[PDB]
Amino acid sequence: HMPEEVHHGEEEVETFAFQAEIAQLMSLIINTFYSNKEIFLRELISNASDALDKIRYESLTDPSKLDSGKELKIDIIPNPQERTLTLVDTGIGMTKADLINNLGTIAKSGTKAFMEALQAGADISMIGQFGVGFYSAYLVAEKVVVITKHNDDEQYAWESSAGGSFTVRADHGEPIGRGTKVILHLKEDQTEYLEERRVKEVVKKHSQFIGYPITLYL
C-alpha cells in the first residue's frame, strides 16, 4: 500500500518576479559601498511605527481589532548563532494580496523615482522620502524574510535574496497574532548589528522620538 498524492490542489509556495524597477533598486542596494548602512534600522522602525499608527486608529472606531493583541510595541532580536536580526511589531500587518502587491509591484514608482534622484546626486539615506525604505534592509542583509498577519487574513511568509524574484507561502509556523516580523539574514561583513551596544546606539541616534516602546532581546 504505497499511494501517491499526484495533485495537492493549491500551490504551496509561489514565486514571482519583482517589477524591473524594484529589482534594479534591490541590486543597487545590496551591492552598494554606501558607508552609512545603519539607516536600514530607522527605515524598518519607521514602517513599524506607521503600521502601529494604523491599527491604533482603526481600534478607536472598532476596539475588537485589538483582540489579536492589545499592546503596540516594537521588539528587536539579534541572534548571533543564526546570524539574524529580527524586528517584530504588533502593527496592522498585511494581507496576502497587499503583501504581494506592496513589496512586489506597487513600489515601482517610488523605486524608479529614487534611482533617478540618486543618479542626480541624492544619497541613499533619502530612501524613505520615496516610500520604499523597506529595501534598505539589503544594505545589511543577504536575504530578508517578512512574516505578516492581518486581522482579515491568515499568516504569510515572504522572502527574497534580491535575485529578481520573491516567494510567498502560507506560514503555519509560530503565530505572531497580528503585525509584521522582518528577519534579516545578515551579510558576513555586517555582523556588528548582532551586538546590543551597536543596535542600541543606532536606535538612540535615529529613532529617539518614535511613539512606541522598542525592546531589545539578546
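We call the rigid core the largest set of C-alpha positions that still match within 1.5 Å between the two forms. Each residue number is its position in the shown sequence, starting from 1.
- Between 162 to 170 and 25 to 33, the larger mean CA deviation from the shown form in 8 other deposited structures of this protein, after core superposition, belongs to 25 to 33.
- For the pair 137 to 145 and 100 to 108, rigid core superposition yields a higher RMS C-alpha distance in 8 other deposited structures of this protein in 100 to 108.
- On average the C-alpha atoms of 73 to 81 have higher B-factors than those of the other stretch, with 132 to 140 and 73 to 81 being the two compared.
- Legend: mean Cα B-factor per stretch from the PDB entry, 186 to 194 versus 38 to 46; the higher mean is in 186 to 194.
- Highest CA B-factor among the listed residues (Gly110, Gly121, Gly93, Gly104): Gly121.
- Residue set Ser64, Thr167, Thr180, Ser161: peak C-alpha B-factor at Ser64 (per PDB entry).
- The entry lists a Cα temperature factor for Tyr156 that places it in the middle third of the chain's modelled residues.
- Sort the chain's modelled residues by C-alpha temperature factor and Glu14 lands in the middle third, per the entry.
- Annotation for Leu52: CA B-factor lies in the middle third of the chain's modelled residues.
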